[PDB]
Protein chains: 2
Amino acid sequence: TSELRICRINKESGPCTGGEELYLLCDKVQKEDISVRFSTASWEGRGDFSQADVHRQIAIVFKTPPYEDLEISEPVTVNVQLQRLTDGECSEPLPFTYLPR
Amino acid sequence: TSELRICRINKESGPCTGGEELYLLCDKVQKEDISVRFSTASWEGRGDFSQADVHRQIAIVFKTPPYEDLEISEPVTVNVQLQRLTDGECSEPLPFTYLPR
C-alpha cells in the first residue's frame with residue numbers, strides 16, 4: 001500500500017538485544033489499526049508500543065543558520081526554539097551545538 | 001509560552017558553517033505564524049524554511065524487538081515497515097541494522 005509510508009526512523013542502528021526505544025515518523029495511520037514490523041525473508045519481529053505512543057506531530061524541515069563566529073576552536077552550544085512572528089513569543093529552548101571546521 | 005513546544009531536533013550537532021538541513025518535531029503551530037530561532041545571550045540566527053517545510057506528521061514511539069540471533073558477529077540490517085492489523089497490508093520497507101553485543 002502507498003497509504004502507509006514511513007518517513008524515517010530516528011536511529012538506524014541498535015543492539016541486537018532489542019528493547020531499545022526509538023520513534024518513527026510517518027504519514028496518516030489509525031492508532032487502533034497499526035503496528036510496526038521488523039523482518040527478513042525468514043524472520044519477523046514486532047515493535048512494542050501502545051495507542052498512547054502514537055502522537056500527532058508537526059515537523060519542520062529547515063537549514064541551520066551559520067554561526068556568528070566561523071573560527072571557533074571549541075564547540076559552542078546555543079539555544080534553539082520556536083518563535084511566533086505576530087507576538088514574538090518563544091518556546092522553551094533546546095540545545096544545539098555548533099562544531100568548528 | 002507553553003503553547004509552543006519543541007519535542008526534539010533530529011541532530012544536536014552540526015558545522016558552525018550552517019546550511020545544514022535538519023528537522024524538528026513539535027506541538028501545534030501555525031505554518032504562517034511560526035519561525036525557528038538559534039541564539040545565545042548576544043546573538044541570534046534564524047532557521048531557513050518555508051510553509052511547505054512544515055508537515056503534519058504522526059510519530060510512533062516504540063521499543064525495538066530483540067533480533068532472532070543474539071550471537072551475531074557482524075551487523076545484520078533488516079526491514080522495518082508499518083503494517084495494518086485488519087488487512088495486514090505493509091508499507092515500503094526502511095532499513096534498520098542490528099548490531100552485535
# chains A, B, ... in the order shown; residues from 1 in each chain; ligands from 1
$ calpha_fit_and_write --fixed "chain A" --moving "chain B" --output "tab-separated table (two decimals) with N, CA, C and O atoms, in the first residue's frame"
chain	number	residue	atom	x	y	z
B	1	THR	N	0.84	-1.23	0.00
B	1	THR	CA	0.00	0.00	0.00
B	1	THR	C	0.86	1.26	0.00
B	1	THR	O	1.96	1.27	0.56
B	2	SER	N	0.36	2.31	-0.63
B	2	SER	CA	1.06	3.59	-0.69
B	2	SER	C	0.53	4.48	0.42
B	2	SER	O	1.16	5.47	0.80
B	3	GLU	N	-0.64	4.11	0.95
B	3	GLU	CA	-1.28	4.86	2.03
B	3	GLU	C	-0.36	4.88	3.25
B	3	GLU	O	-0.21	5.90	3.92
B	4	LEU	N	0.25	3.73	3.52
B	4	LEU	CA	1.17	3.60	4.64
B	4	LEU	C	2.58	3.97	4.19
B	4	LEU	O	3.13	3.34	3.29
B	5	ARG	N	3.15	4.99	4.80
B	5	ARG	CA	4.50	5.38	4.45
B	5	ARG	C	5.26	5.86	5.67
B	5	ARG	O	4.77	6.69	6.44
B	6	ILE	N	6.45	5.31	5.86
B	6	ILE	CA	7.30	5.70	6.97
B	6	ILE	C	8.25	6.73	6.38
B	6	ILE	O	8.83	6.53	5.33
B	7	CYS	N	8.38	7.87	7.06
B	7	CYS	CA	9.28	8.89	6.57
B	7	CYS	C	10.68	8.61	7.09
B	7	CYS	O	11.66	8.79	6.37
B	8	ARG	N	10.76	8.14	8.33
B	8	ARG	CA	12.06	7.82	8.89
B	8	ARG	C	12.05	7.25	10.30
B	8	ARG	O	11.06	7.33	11.03
B	9	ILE	N	13.18	6.65	10.66
B	9	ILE	CA	13.37	6.05	11.97
B	9	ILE	C	14.47	6.93	12.57
B	9	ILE	O	15.51	7.10	11.95
B	10	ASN	N	14.24	7.49	13.75
B	10	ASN	CA	15.24	8.37	14.35
B	10	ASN	C	16.65	7.78	14.34
B	10	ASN	O	17.61	8.49	14.09
B	11	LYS	N	16.77	6.48	14.62
B	11	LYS	CA	18.07	5.83	14.58
B	11	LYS	C	18.05	4.71	13.55
B	11	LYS	O	16.98	4.18	13.25
B	12	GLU	N	19.20	4.35	13.00
B	12	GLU	CA	19.25	3.29	12.00
B	12	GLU	C	20.10	2.12	12.44
B	12	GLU	O	20.37	1.21	11.67
B	13	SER	N	20.49	2.13	13.71
B	13	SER	CA	21.32	1.08	14.29
B	13	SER	C	20.94	0.93	15.76
B	13	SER	O	20.53	1.89	16.41
B	14	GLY	N	21.10	-0.28	16.28
B	14	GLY	CA	20.79	-0.52	17.67
B	14	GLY	C	21.27	-1.90	18.04
B	14	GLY	O	21.57	-2.70	17.16
B	15	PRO	N	21.37	-2.22	19.34
B	15	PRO	CA	21.83	-3.55	19.74
B	15	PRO	C	20.86	-4.66	19.33
B	15	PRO	O	19.65	-4.47	19.34
B	16	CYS	N	21.41	-5.80	18.95
B	16	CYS	CA	20.61	-6.94	18.54
B	16	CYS	C	19.76	-7.41	19.71
B	16	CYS	O	18.87	-8.23	19.55
B	17	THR	N	20.07	-6.89	20.89
B	17	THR	CA	19.36	-7.23	22.11
B	17	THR	C	17.92	-6.71	22.09
B	17	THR	O	17.04	-7.27	22.73
B	18	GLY	N	17.70	-5.63	21.35
B	18	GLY	CA	16.37	-5.05	21.28
B	18	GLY	C	16.08	-4.30	22.56
B	18	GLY	O	16.99	-4.05	23.34
B	19	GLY	N	14.81	-3.95	22.78
B	19	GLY	CA	14.44	-3.24	23.99
B	19	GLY	C	14.75	-1.76	23.89
B	19	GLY	O	14.39	-0.96	24.75
B	20	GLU	N	15.44	-1.39	22.82
B	20	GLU	CA	15.81	-0.01	22.57
B	20	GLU	C	14.62	0.81	22.08
B	20	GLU	O	14.00	0.50	21.07
B	21	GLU	N	14.30	1.87	22.82
B	21	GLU	CA	13.20	2.76	22.47
B	21	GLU	C	13.59	3.70	21.34
B	21	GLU	O	14.64	4.33	21.39
B	22	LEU	N	12.76	3.79	20.32
B	22	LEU	CA	13.02	4.67	19.18
B	22	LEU	C	11.70	5.28	18.79
B	22	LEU	O	10.67	5.03	19.42
B	23	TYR	N	11.71	6.09	17.74
B	23	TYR	CA	10.46	6.65	17.25
B	23	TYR	C	10.57	6.72	15.75
B	23	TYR	O	11.66	6.84	15.22
B	24	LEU	N	9.44	6.61	15.06
B	24	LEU	CA	9.45	6.70	13.61
B	24	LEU	C	8.38	7.69	13.16
B	24	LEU	O	7.31	7.76	13.75
B	25	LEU	N	8.71	8.47	12.14
B	25	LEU	CA	7.79	9.44	11.60
B	25	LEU	C	7.14	8.82	10.39
B	25	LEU	O	7.80	8.12	9.63
B	26	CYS	N	5.86	9.08	10.20
B	26	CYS	CA	5.16	8.54	9.05
B	26	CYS	C	3.93	9.35	8.71
B	26	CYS	O	3.62	10.33	9.38
B	27	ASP	N	3.24	8.93	7.65
B	27	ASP	CA	2.03	9.60	7.22
B	27	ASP	C	0.86	9.10	8.03
B	27	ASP	O	1.04	8.33	8.97
B	28	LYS	N	-0.34	9.51	7.66
B	28	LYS	CA	-1.54	9.12	8.39
B	28	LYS	C	-1.73	7.62	8.61
B	28	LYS	O	-1.57	6.82	7.69
B	29	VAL	N	-2.06	7.26	9.85
B	29	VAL	CA	-2.32	5.88	10.23
B	29	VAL	C	-3.37	5.91	11.34
B	29	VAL	O	-3.59	6.96	11.96
B	30	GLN	N	-4.01	4.78	11.58
B	30	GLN	CA	-5.02	4.70	12.63
B	30	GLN	C	-4.37	4.00	13.82
B	30	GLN	O	-4.07	2.81	13.76
B	31	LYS	N	-4.18	4.73	14.92
B	31	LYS	CA	-3.55	4.16	16.11
B	31	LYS	C	-4.17	2.85	16.59
B	31	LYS	O	-3.54	2.09	17.32
B	32	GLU	N	-5.40	2.58	16.17
B	32	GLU	CA	-6.07	1.35	16.59
B	32	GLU	C	-5.88	0.24	15.57
B	32	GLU	O	-6.12	-0.93	15.86
B	33	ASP	N	-5.43	0.59	14.38
B	33	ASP	CA	-5.23	-0.40	13.34
B	33	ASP	C	-3.87	-0.22	12.70
B	33	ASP	O	-3.75	-0.04	11.49
B	34	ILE	N	-2.84	-0.27	13.54
B	34	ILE	CA	-1.48	-0.10	13.06
B	34	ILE	C	-0.51	-0.89	13.92
B	34	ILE	O	-0.77	-1.15	15.08
B	35	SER	N	0.62	-1.27	13.33
B	35	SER	CA	1.65	-2.00	14.04
B	35	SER	C	2.97	-1.85	13.31
B	35	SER	O	2.99	-1.52	12.12
B	36	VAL	N	4.08	-2.09	14.00
B	36	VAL	CA	5.41	-1.98	13.41
B	36	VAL	C	6.05	-3.36	13.27
B	36	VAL	O	6.03	-4.16	14.20
B	37	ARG	N	6.60	-3.63	12.10
B	37	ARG	CA	7.18	-4.93	11.88
B	37	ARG	C	8.59	-4.95	11.36
B	37	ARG	O	8.90	-4.37	10.31
B	38	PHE	N	9.46	-5.59	12.16
B	38	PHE	CA	10.87	-5.79	11.82
B	38	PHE	C	10.96	-7.14	11.11
B	38	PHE	O	10.29	-8.10	11.51
B	39	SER	N	11.78	-7.26	10.08
B	39	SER	CA	11.84	-8.56	9.42
B	39	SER	C	12.90	-8.77	8.36
B	39	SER	O	13.52	-7.83	7.87
B	40	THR	N	13.06	-10.04	8.01
B	40	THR	CA	13.98	-10.52	7.00
B	40	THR	C	13.15	-11.57	6.28
B	40	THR	O	12.03	-11.88	6.70
B	41	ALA	N	13.70	-12.15	5.22
B	41	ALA	CA	12.98	-13.16	4.46
B	41	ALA	C	12.35	-14.26	5.32
B	41	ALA	O	11.22	-14.67	5.06
B	42	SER	N	13.07	-14.71	6.34
B	42	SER	CA	12.58	-15.81	7.19
B	42	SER	C	12.49	-15.49	8.67
B	42	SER	O	12.66	-16.38	9.50
B	43	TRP	N	12.23	-14.24	9.00
B	43	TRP	CA	12.11	-13.84	10.39
B	43	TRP	C	11.28	-12.59	10.48
B	43	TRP	O	11.27	-11.76	9.58
B	44	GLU	N	10.58	-12.44	11.59
B	44	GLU	CA	9.73	-11.28	11.77
B	44	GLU	C	9.67	-10.95	13.26
B	44	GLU	O	9.59	-11.84	14.10
B	45	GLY	N	9.75	-9.66	13.56
B	45	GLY	CA	9.68	-9.21	14.94
B	45	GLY	C	8.76	-8.02	15.00
B	45	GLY	O	8.58	-7.33	13.99
B	46	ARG	N	8.16	-7.76	16.15
B	46	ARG	CA	7.26	-6.62	16.25
B	46	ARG	C	7.69	-5.54	17.22
B	46	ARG	O	8.25	-5.81	18.27
B	47	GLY	N	7.44	-4.29	16.82
B	47	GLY	CA	7.77	-3.17	17.68
B	47	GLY	C	6.79	-3.19	18.84
B	47	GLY	O	5.62	-3.55	18.67
B	48	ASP	N	7.25	-2.80	20.03
B	48	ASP	CA	6.41	-2.78	21.23
B	48	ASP	C	5.94	-1.36	21.51
B	48	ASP	O	6.74	-0.49	21.84
B	49	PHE	N	4.64	-1.13	21.38
B	49	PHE	CA	4.07	0.19	21.64
B	49	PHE	C	2.56	0.12	21.74
B	49	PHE	O	1.94	-0.82	21.25
B	50	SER	N	1.96	1.13	22.37
B	50	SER	CA	0.51	1.20	22.54
B	50	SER	C	-0.05	2.38	21.75
B	50	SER	O	0.70	3.08	21.06
B	51	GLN	N	-1.35	2.61	21.87
B	51	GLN	CA	-2.01	3.73	21.19
B	51	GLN	C	-1.50	5.06	21.73
B	51	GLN	O	-1.40	6.04	21.00
B	52	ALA	N	-1.16	5.08	23.02
B	52	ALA	CA	-0.66	6.30	23.66
B	52	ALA	C	0.71	6.71	23.12
B	52	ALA	O	1.18	7.82	23.41
B	53	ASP	N	1.34	5.81	22.36
B	53	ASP	CA	2.66	6.07	21.79
B	53	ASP	C	2.60	6.59	20.38
B	53	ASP	O	3.64	6.81	19.75
B	54	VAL	N	1.39	6.77	19.87
B	54	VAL	CA	1.18	7.29	18.52
B	54	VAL	C	0.73	8.75	18.73
B	54	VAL	O	-0.37	9.02	19.21
B	55	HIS	N	1.61	9.68	18.38
B	55	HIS	CA	1.35	11.11	18.57
B	55	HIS	C	1.21	11.87	17.26
B	55	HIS	O	1.93	11.61	16.29
B	56	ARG	N	0.29	12.83	17.24
B	56	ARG	CA	0.10	13.68	16.07
B	56	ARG	C	1.15	14.76	16.30
B	56	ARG	O	1.21	15.36	17.38
B	57	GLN	N	2.01	14.99	15.31
B	57	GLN	CA	3.07	15.97	15.46
B	57	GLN	C	3.26	16.83	14.23
B	57	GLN	O	2.76	16.52	13.15
B	58	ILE	N	3.99	17.91	14.42
B	58	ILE	CA	4.31	18.81	13.34
B	58	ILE	C	5.81	18.69	13.21
B	58	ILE	O	6.51	18.57	14.21
B	59	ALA	N	6.30	18.68	11.98
B	59	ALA	CA	7.72	18.55	11.75
B	59	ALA	C	8.15	19.68	10.86
B	59	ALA	O	7.53	19.93	9.83
B	60	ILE	N	9.20	20.38	11.25
B	60	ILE	CA	9.68	21.49	10.45
B	60	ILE	C	11.05	21.16	9.89
B	60	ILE	O	11.97	20.82	10.64
B	61	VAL	N	11.18	21.23	8.58
B	61	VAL	CA	12.44	20.97	7.90
B	61	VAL	C	13.06	22.34	7.64
B	61	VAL	O	12.40	23.21	7.07
B	62	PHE	N	14.31	22.52	8.05
B	62	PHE	CA	14.98	23.80	7.86
B	62	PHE	C	16.49	23.66	7.79
B	62	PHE	O	17.06	22.68	8.27
B	63	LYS	N	17.14	24.65	7.20
B	63	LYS	CA	18.59	24.67	7.12
B	63	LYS	C	19.06	25.55	8.28
B	63	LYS	O	18.48	26.61	8.53
B	64	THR	N	20.09	25.09	8.99
B	64	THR	CA	20.63	25.83	10.11
B	64	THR	C	21.25	27.11	9.62
B	64	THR	O	21.67	27.20	8.47
B	65	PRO	N	21.29	28.14	10.47
B	65	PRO	CA	21.88	29.43	10.11
B	65	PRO	C	23.36	29.40	10.49
B	65	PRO	O	23.72	28.86	11.53
B	66	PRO	N	24.22	29.97	9.66
B	66	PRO	CA	25.65	29.95	10.02
B	66	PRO	C	25.86	30.63	11.36
B	66	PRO	O	25.18	31.60	11.68
B	67	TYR	N	26.79	30.12	12.16
B	67	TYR	CA	27.06	30.75	13.44
B	67	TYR	C	27.90	32.02	13.26
B	67	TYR	O	28.71	32.11	12.35
B	68	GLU	N	27.67	32.98	14.14
B	68	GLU	CA	28.37	34.27	14.14
B	68	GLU	C	29.88	34.16	13.93
B	68	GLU	O	30.46	34.87	13.12
B	69	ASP	N	30.52	33.27	14.69
B	69	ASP	CA	31.96	33.09	14.60
B	69	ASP	C	32.31	31.76	13.94
B	69	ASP	O	32.11	30.69	14.53
B	70	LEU	N	32.84	31.83	12.73
B	70	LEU	CA	33.20	30.64	11.97
B	70	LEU	C	34.58	30.12	12.32
B	70	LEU	O	34.99	29.06	11.85
B	71	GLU	N	35.30	30.86	13.16
B	71	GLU	CA	36.64	30.48	13.56
B	71	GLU	C	36.73	29.95	14.99
B	71	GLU	O	37.76	30.11	15.64
B	72	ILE	N	35.66	29.33	15.48
B	72	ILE	CA	35.68	28.80	16.84
B	72	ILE	C	36.53	27.55	16.94
B	72	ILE	O	36.38	26.61	16.15
B	73	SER	N	37.44	27.53	17.91
B	73	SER	CA	38.32	26.39	18.12
B	73	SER	C	37.66	25.32	18.99
B	73	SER	O	38.11	24.18	19.03
B	74	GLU	N	36.59	25.69	19.70
B	74	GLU	CA	35.88	24.74	20.53
B	74	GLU	C	34.38	24.82	20.30
B	74	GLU	O	33.85	25.84	19.86
B	75	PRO	N	33.67	23.71	20.57
B	75	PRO	CA	32.22	23.65	20.39
B	75	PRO	C	31.46	24.71	21.18
B	75	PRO	O	31.82	25.01	22.31
B	76	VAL	N	30.43	25.27	20.57
B	76	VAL	CA	29.59	26.29	21.21
B	76	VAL	C	28.14	25.83	21.13
B	76	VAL	O	27.56	25.80	20.05
B	77	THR	N	27.55	25.48	22.26
B	77	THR	CA	26.16	25.02	22.24
B	77	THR	C	25.23	26.20	22.52
B	77	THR	O	25.27	26.81	23.59
B	78	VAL	N	24.40	26.51	21.53
B	78	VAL	CA	23.47	27.62	21.63
B	78	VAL	C	22.05	27.13	21.83
B	78	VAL	O	21.79	25.93	21.90
B	79	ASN	N	21.13	28.08	21.93
B	79	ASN	CA	19.71	27.81	22.13
B	79	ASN	C	18.95	27.72	20.82
B	79	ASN	O	19.29	28.38	19.83
B	80	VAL	N	17.92	26.90	20.81
B	80	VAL	CA	17.08	26.75	19.63
B	80	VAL	C	15.65	26.66	20.10
B	80	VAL	O	15.32	25.83	20.93
B	81	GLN	N	14.79	27.52	19.57
B	81	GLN	CA	13.40	27.48	19.97
B	81	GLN	C	12.45	28.05	18.93
B	81	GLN	O	12.86	28.76	18.00
B	82	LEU	N	11.18	27.70	19.06
B	82	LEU	CA	10.17	28.21	18.15
B	82	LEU	C	9.86	29.62	18.62
B	82	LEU	O	10.02	29.94	19.79
B	83	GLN	N	9.44	30.46	17.69
B	83	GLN	CA	9.09	31.84	18.00
B	83	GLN	C	7.99	32.30	17.05
B	83	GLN	O	8.12	32.18	15.84
B	84	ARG	N	6.90	32.82	17.61
B	84	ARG	CA	5.79	33.28	16.79
B	84	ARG	C	6.13	34.62	16.17
B	84	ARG	O	6.74	35.47	16.81
B	85	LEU	N	5.76	34.81	14.91
B	85	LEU	CA	6.05	36.07	14.23
B	85	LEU	C	5.22	37.23	14.78
B	85	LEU	O	5.77	38.29	15.10
B	86	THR	N	3.92	37.02	14.90
B	86	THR	CA	2.99	38.03	15.39
B	86	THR	C	3.34	38.65	16.73
B	86	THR	O	3.61	39.85	16.81
B	87	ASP	N	3.35	37.85	17.79
B	87	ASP	CA	3.66	38.36	19.13
B	87	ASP	C	5.07	38.07	19.61
B	87	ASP	O	5.43	38.39	20.74
B	88	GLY	N	5.87	37.44	18.77
B	88	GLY	CA	7.24	37.12	19.14
B	88	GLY	C	7.41	36.32	20.42
B	88	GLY	O	8.42	36.47	21.10
B	89	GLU	N	6.44	35.48	20.75
B	89	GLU	CA	6.54	34.67	21.95
B	89	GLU	C	7.31	33.36	21.64
B	89	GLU	O	6.91	32.58	20.78
B	90	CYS	N	8.42	33.13	22.34
B	90	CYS	CA	9.25	31.94	22.13
B	90	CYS	C	8.81	30.73	22.94
B	90	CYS	O	7.99	30.83	23.84
B	91	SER	N	9.36	29.57	22.59
B	91	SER	CA	9.07	28.33	23.31
B	91	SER	C	10.29	28.12	24.20
B	91	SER	O	11.23	28.91	24.16
B	92	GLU	N	10.28	27.06	25.01
B	92	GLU	CA	11.43	26.76	25.85
B	92	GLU	C	12.60	26.48	24.91
B	92	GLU	O	12.40	26.06	23.77
B	93	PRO	N	13.83	26.71	25.35
B	93	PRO	CA	14.97	26.45	24.47
B	93	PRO	C	15.41	24.99	24.47
B	93	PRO	O	15.22	24.27	25.44
B	94	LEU	N	15.99	24.57	23.36
B	94	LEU	CA	16.51	23.22	23.22
B	94	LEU	C	17.94	23.46	22.74
B	94	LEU	O	18.18	24.28	21.85
B	95	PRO	N	18.91	22.75	23.32
B	95	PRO	CA	20.30	22.92	22.92
B	95	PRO	C	20.68	22.36	21.57
B	95	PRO	O	20.16	21.33	21.14
B	96	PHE	N	21.59	23.05	20.91
B	96	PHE	CA	22.16	22.64	19.64
B	96	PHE	C	23.55	23.23	19.69
B	96	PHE	O	23.70	24.41	19.98
B	97	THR	N	24.56	22.42	19.42
B	97	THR	CA	25.91	22.93	19.49
B	97	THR	C	26.66	22.95	18.17
B	97	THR	O	26.77	21.94	17.47
B	98	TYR	N	27.15	24.14	17.83
B	98	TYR	CA	27.91	24.37	16.62
B	98	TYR	C	29.30	23.79	16.79
B	98	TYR	O	29.93	23.97	17.83
B	99	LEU	N	29.78	23.11	15.76
B	99	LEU	CA	31.10	22.49	15.75
B	99	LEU	C	32.05	23.27	14.86
B	99	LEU	O	31.64	23.83	13.84
B	100	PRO	N	33.35	23.32	15.22
B	100	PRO	CA	34.35	24.04	14.43
B	100	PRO	C	34.51	23.38	13.07
B	100	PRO	O	33.94	22.32	12.82
B	101	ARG	N	35.29	24.00	12.20
B	101	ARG	CA	35.52	23.45	10.87
B	101	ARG	C	36.80	22.60	10.85
B	101	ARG	O	36.68	21.36	10.97
$ select_by_dssp --residues "chain A" --states "strand (DSSP E)" --output "number ranges by chain"
A: 6-9, 13-15, 21-26, 35-40, 43-46, 54-63, 76-83, 94-99
$ write_last_selection --atoms "C-alpha atoms" --output "PDB file, in the first residue's frame"
ATOM      1  CA  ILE A   6       7.302   5.698   6.966  1.00  0.00           C
ATOM      2  CA  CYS A   7       9.279   8.891   6.566  1.00  0.00           C
ATOM      3  CA  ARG A   8      12.063   7.820   8.892  1.00  0.00           C
ATOM      4  CA  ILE A   9      13.371   6.054  11.973  1.00  0.00           C
ATOM      5  CA  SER A  13      21.315   1.077  14.291  1.00  0.00           C
ATOM      6  CA  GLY A  14      20.790  -0.525  17.666  1.00  0.00           C
ATOM      7  CA  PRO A  15      21.829  -3.549  19.736  1.00  0.00           C
ATOM      8  CA  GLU A  21      13.196   2.756  22.469  1.00  0.00           C
ATOM      9  CA  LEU A  22      13.023   4.669  19.185  1.00  0.00           C
ATOM     10  CA  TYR A  23      10.462   6.651  17.253  1.00  0.00           C
ATOM     11  CA  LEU A  24       9.449   6.701  13.611  1.00  0.00           C
ATOM     12  CA  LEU A  25       7.786   9.437  11.600  1.00  0.00           C
ATOM     13  CA  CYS A  26       5.159   8.536   9.050  1.00  0.00           C
ATOM     14  CA  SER A  35       1.653  -1.996  14.038  1.00  0.00           C
ATOM     15  CA  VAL A  36       5.411  -1.980  13.411  1.00  0.00           C
ATOM     16  CA  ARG A  37       7.182  -4.929  11.880  1.00  0.00           C
ATOM     17  CA  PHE A  38      10.875  -5.793  11.821  1.00  0.00           C
ATOM     18  CA  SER A  39      11.843  -8.558   9.420  1.00  0.00           C
ATOM     19  CA  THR A  40      13.978 -10.522   6.999  1.00  0.00           C
ATOM     20  CA  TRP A  43      12.114 -13.842  10.390  1.00  0.00           C
ATOM     21  CA  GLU A  44       9.733 -11.280  11.770  1.00  0.00           C
ATOM     22  CA  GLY A  45       9.683  -9.209  14.941  1.00  0.00           C
ATOM     23  CA  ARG A  46       7.257  -6.621  16.247  1.00  0.00           C
ATOM     24  CA  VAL A  54       1.182   7.294  18.525  1.00  0.00           C
ATOM     25  CA  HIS A  55       1.350  11.107  18.567  1.00  0.00           C
ATOM     26  CA  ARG A  56       0.100  13.677  16.072  1.00  0.00           C
ATOM     27  CA  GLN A  57       3.075  15.969  15.464  1.00  0.00           C
ATOM     28  CA  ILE A  58       4.308  18.813  13.339  1.00  0.00           C
ATOM     29  CA  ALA A  59       7.722  18.551  11.754  1.00  0.00           C
ATOM     30  CA  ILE A  60       9.682  21.486  10.451  1.00  0.00           C
ATOM     31  CA  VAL A  61      12.443  20.965   7.905  1.00  0.00           C
ATOM     32  CA  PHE A  62      14.976  23.797   7.857  1.00  0.00           C
ATOM     33  CA  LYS A  63      18.595  24.667   7.125  1.00  0.00           C
ATOM     34  CA  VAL A  76      29.590  26.289  21.205  1.00  0.00           C
ATOM     35  CA  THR A  77      26.161  25.023  22.236  1.00  0.00           C
ATOM     36  CA  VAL A  78      23.468  27.619  21.630  1.00  0.00           C
ATOM     37  CA  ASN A  79      19.709  27.809  22.131  1.00  0.00           C
ATOM     38  CA  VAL A  80      17.079  26.753  19.633  1.00  0.00           C
ATOM     39  CA  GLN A  81      13.397  27.476  19.972  1.00  0.00           C
ATOM     40  CA  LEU A  82      10.175  28.211  18.154  1.00  0.00           C
ATOM     41  CA  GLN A  83       9.086  31.842  17.999  1.00  0.00           C
ATOM     42  CA  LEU A  94      16.513  23.221  23.225  1.00  0.00           C
ATOM     43  CA  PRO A  95      20.304  22.920  22.921  1.00  0.00           C
ATOM     44  CA  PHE A  96      22.162  22.639  19.641  1.00  0.00           C
ATOM     45  CA  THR A  97      25.912  22.932  19.492  1.00  0.00           C
ATOM     46  CA  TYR A  98      27.911  24.367  16.621  1.00  0.00           C
ATOM     47  CA  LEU A  99      31.098  22.491  15.748  1.00  0.00           C
TER      48      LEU A  99
END
$ decode --residues "stretch 48-60 of chain A" --atoms "N, CA, C and O atoms" --output "CSV table (one decimal), in the first residue's frame"
chain,number,residue,atom,x,y,z
A,48,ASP,N,7.3,-2.8,20.0
A,48,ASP,CA,6.4,-2.8,21.2
A,48,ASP,C,5.9,-1.4,21.5
A,48,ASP,O,6.7,-0.5,21.8
A,49,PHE,N,4.6,-1.1,21.4
A,49,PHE,CA,4.1,0.2,21.6
A,49,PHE,C,2.6,0.1,21.7
A,49,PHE,O,1.9,-0.8,21.2
A,50,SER,N,2.0,1.1,22.4
A,50,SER,CA,0.5,1.2,22.5
A,50,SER,C,0.0,2.4,21.7
A,50,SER,O,0.7,3.1,21.1
A,51,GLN,N,-1.4,2.6,21.9
A,51,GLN,CA,-2.0,3.7,21.2
A,51,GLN,C,-1.5,5.1,21.7
A,51,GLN,O,-1.4,6.0,21.0
A,52,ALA,N,-1.2,5.1,23.0
A,52,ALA,CA,-0.7,6.3,23.7
A,52,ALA,C,0.7,6.7,23.1
A,52,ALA,O,1.2,7.8,23.4
A,53,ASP,N,1.3,5.8,22.4
A,53,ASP,CA,2.7,6.1,21.8
A,53,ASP,C,2.6,6.6,20.4
A,53,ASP,O,3.6,6.8,19.7
A,54,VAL,N,1.4,6.8,19.9
A,54,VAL,CA,1.2,7.3,18.5
A,54,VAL,C,0.7,8.8,18.7
A,54,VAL,O,-0.4,9.0,19.2
A,55,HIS,N,1.6,9.7,18.4
A,55,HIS,CA,1.4,11.1,18.6
A,55,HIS,C,1.2,11.9,17.3
A,55,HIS,O,1.9,11.6,16.3
A,56,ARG,N,0.3,12.8,17.2
A,56,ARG,CA,0.1,13.7,16.1
A,56,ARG,C,1.2,14.8,16.3
A,56,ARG,O,1.2,15.4,17.4
A,57,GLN,N,2.0,15.0,15.3
A,57,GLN,CA,3.1,16.0,15.5
A,57,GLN,C,3.3,16.8,14.2
A,57,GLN,O,2.8,16.5,13.2
A,58,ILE,N,4.0,17.9,14.4
A,58,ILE,CA,4.3,18.8,13.3
A,58,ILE,C,5.8,18.7,13.2
A,58,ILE,O,6.5,18.6,14.2
A,59,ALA,N,6.3,18.7,12.0
A,59,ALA,CA,7.7,18.6,11.8
A,59,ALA,C,8.1,19.7,10.9
A,59,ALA,O,7.5,19.9,9.8
A,60,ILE,N,9.2,20.4,11.2
A,60,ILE,CA,9.7,21.5,10.5
A,60,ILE,C,11.1,21.2,9.9
A,60,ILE,O,12.0,20.8,10.6
